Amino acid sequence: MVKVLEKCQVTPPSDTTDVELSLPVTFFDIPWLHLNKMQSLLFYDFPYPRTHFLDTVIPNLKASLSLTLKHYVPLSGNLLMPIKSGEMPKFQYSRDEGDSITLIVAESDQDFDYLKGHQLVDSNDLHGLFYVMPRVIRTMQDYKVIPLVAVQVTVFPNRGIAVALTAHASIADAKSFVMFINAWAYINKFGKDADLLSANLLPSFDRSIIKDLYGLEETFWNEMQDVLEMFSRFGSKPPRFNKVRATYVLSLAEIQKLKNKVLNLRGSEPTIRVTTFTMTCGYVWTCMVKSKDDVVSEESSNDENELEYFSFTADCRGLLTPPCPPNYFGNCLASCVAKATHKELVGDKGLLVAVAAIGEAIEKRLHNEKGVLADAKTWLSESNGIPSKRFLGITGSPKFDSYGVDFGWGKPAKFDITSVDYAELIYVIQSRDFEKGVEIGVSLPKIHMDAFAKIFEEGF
């Protein structure tokens, strides 16, 4: 139901930029090189005519994106994946090659209030607002050239706007990419001389400080060879998802209720660290493991002692040596994995088991002495020995200003991390309406979603 009105290319300004920019791939980026789709969807109430969209909004967006790209030059380039053995990946922007961001201008007749809503949405409707980027746009002698960012802007006439960004995982983590969206909108909202610095929207691309003192680069690269070839010949087009989106909102008061429920279950136990993050993920992890039971598995209690896994990442910028600036643009994640027994998660203290298992995972990865990289040589080998039916991961973070992306028409009505449907993942972001609250985006088949909503709304 989405019709494409225009496909054009957006580049940095010809003047204040340079014909070339080689950015190195750090050992942090190596584990993400197979993920060519990281998806951020933003919805905006926009009760204005379609002519105002095409004659004013679109031209300004094309102008602000270009202005923004003067500070985010590598996002306008590509990722070069070595085609010959004994060569390493890198990033590059080549103005003489025409490297640019594809911007799609589209229109839809689907119902806008439905698509930005918090109750169920067909996943395929969300994924249908995105532009499908090519896997390889060009092939040099040493490497194959892989695009990094494309954005589709869709207009729901007289009702709203959807901004659908796709980014390669290797160029940015959630923190970095959200800073890029906010910079784009900020410049579009306040013009060219807007002060990105004073808004903390200026990135740093200096990777001379990221040092690989543990040889993880060689270690990760060799381990990624297998994963890369799997994802090498896999369909660039969105699979027909069998899942529905639902969104849940936990106020800071409802977060408090969950902490006090853990402190009353504890009943004299080792001081467990309880944050919004641990509490939110704890709660959602318990509901998720229970809902898998209510959809009744024909393996009786045979499983209950098997381990359930919750996989998340953490930002390491502030833990590195040499110091790493907070605005370092790129990947800088550590892998953390919580685990507990199925029977204990579903039991009468499951919430407490999940929070302590998560707080334990953060402590073994970050609070380790020596450093975050102390145990880094196992970050990849650890996430493999985990079964698909016992795995849950989370994407996004409540720390990032997902609802600060105001292009000048107001803050988003809804921010969806659409790439959540490709796996058993959830997403957690800053709540639009509640100061220290969160939004959980869940991605489940309809019948399983029903079970989940039951428990989630239930005991709480």
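So that there is no doubt, residue numbering starts at 1 and follows the sequence shown.
- The question of which stretch, 234 to 242 or 128 to 136, has the higher mean Cα B factor is settled in favour of 234 to 242.
- Checked against the record, the higher mean CA B factor of 365 to 373 and 162 to 170 lies with 365 to 373.
- Considering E107, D99, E298, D111 together, the PDB entry gives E298 the largest C-alpha B factor.
- In this structure the maximum Cα B-factor among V442, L23, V10, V19 is found at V19.
- Ranked within its chain, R273 lands in the highest third, by CA B factor from the PDB record.
- Placement of the Cα temperature factor of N36 within the chain: middle third of the modelled residues, per the deposited record.
- Remark: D206 belongs to the middle third of its chain, ranked by C-alpha B-factor as recorded.
- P89: CA B factor lies in the middle third for its chain, per the PDB record.
- Placement of the Cα temperature factor of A183 within the chain: lowest third of the modelled residues, per the deposited record.
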